[PDB]
């Protein structure tokens, strides 16, 4: 469609709209007693032009799949986001004054309980990554006409994650993506490093492969024109603005970030801004081209049961790749992402079978998680991202925000624990159980064999929230029948007798070490019950306690993870106070080192001999 070059009356209406947005931002933050009106005011023309000239969307159906997407990366400007959606007619105007109240959903930073918000923002530097996932989806998966617009602050651009997204967008030719940089010179507590050196912002964007246009960010005409031209590259509109634009005495001043105007001042300033507004008549939003395809919502099932064989040896990292590739034959919704580790995580198998649905994210875990979050918005895809579990610590804030965003993403982290051997601790995940258990919408799968891994992949695909699958490097035996039934929150007793002395809880390599310990102990006429949790979160407290009650109330938990936040603390928290129950915990007590896998399990006290000694100790 052709650009509609606005006339002076449309330009004036956009100016009027921007000033209404300023007034509302001040009124709401003054009513709340907190917030960021100066951060809203530098963006007012940008917001007016995007919502009332450039973008195409259904004002009464913000989540419509055909709509252009807007991502407010500088989330603290939430009051102006609320104001535009009131201006567009979706949000009642009076509700704007209930900003930050416990009786309102117009919270401090945007959240998806708001229909007009796809991803929660408020941790700076993450919105552009989500926007890149939306734009990739639009161009390559939905193959639709919608565009994606993301507004960033200039302080925000100090976050490395933004530059990961900038590079992603140029690698993948996201010519449907626009980043608007609100270059208002000041951060929270000092000027932003580059201040108003517009040329350096242009050079950085261009060096990263973007088409970069410097504009007066308070000129509705310049904004209409810059947004009005599509490009063959991702486009950066580098807008020179002033913080607190339009607030006399505050515009371009320090010491005003996150400071509301006191009532008396707000009244004077609003009268001043209102005096500039020529008409009360509001501009109407313009709707989109309806060319986004239908998407299936049904549960996704593996095309057949697992085809392993009991006794065969396979590492759960390889079983994950096999299983993910298999699931991709069952549904076109499954997509896979990996950070230059596909040959190690075995996500390469999925890339070989379904290349159109694999996204190489390179060595940039923060962005990879944000891409996945963006791809999962509006349920357009079911993403599985993978790397070594250790490197998901690099993306903890993106995972944290993903839960705040009520996102449904799946993450598979390999190479857990000391059992990887010789690479040493930089590559060993020893805190990932602690990390993912602390994510409030998480489900944590720790499959112990190839069958359980395939079942975990299938279950995760159909489970809402942040699903984590912990895979392993050692080649352990298949212990489960292919037709064993698996469920979230259901553990398995893999070894039992009537005279069991202790219930030993292990997972991945430590389950197999526990089974080996059981054989050692049998020689000593000592039987142990062995339990595989399957999911660490939620934990099968009932089976754990029923097992303990059959083994003199004694539990021993053994894990290839640090002591804090892992399996043993999960078990202790579940059963503390239960009459006659005792818990012994074996875990890794300090930063490891290099050696062979079996050597390290011995050094760190979680191998078959350490388990057997613990058991012999306990019976006394």
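Between two forms, the rigid core is defined as the largest C-alpha subset superposing within 1.5 Å. Numbering follows the first chain given and starts at 1.
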item	value
Farther-lying stretch by C-alpha RMS in 8 other deposited structures of this protein, rigid core as reference, of 450 to 458 and 229 to 237	229 to 237
Between 441 to 449 and 323 to 331 (mean CA B-factor, as deposited), the higher	323 to 331
Per the entry, higher mean C-alpha B factor between 36 to 44 and 582 to 590	582 to 590
Criterion, highest CA B-factor; candidates, 468, 308, 140, 163	308
Given 314, 460, 99, 151, the residue at which the Cα B factor reaches its maximum	314
Position of residue 481 among the chain's modelled residues by C-alpha B-factor, lowest, middle or highest third	highest
Residue 20 - which third its CA temperature factor falls in, relative to the rest of the chain	middle
Residue 549 - Cα temperature factor, lowest/middle/highest third of chain	highest
CA B-factor ranking of residue 318, expressed as a third of its chain	middle
Chain third (lowest, middle, highest) by recorded CA B-factor, residue given as residue 104	middle
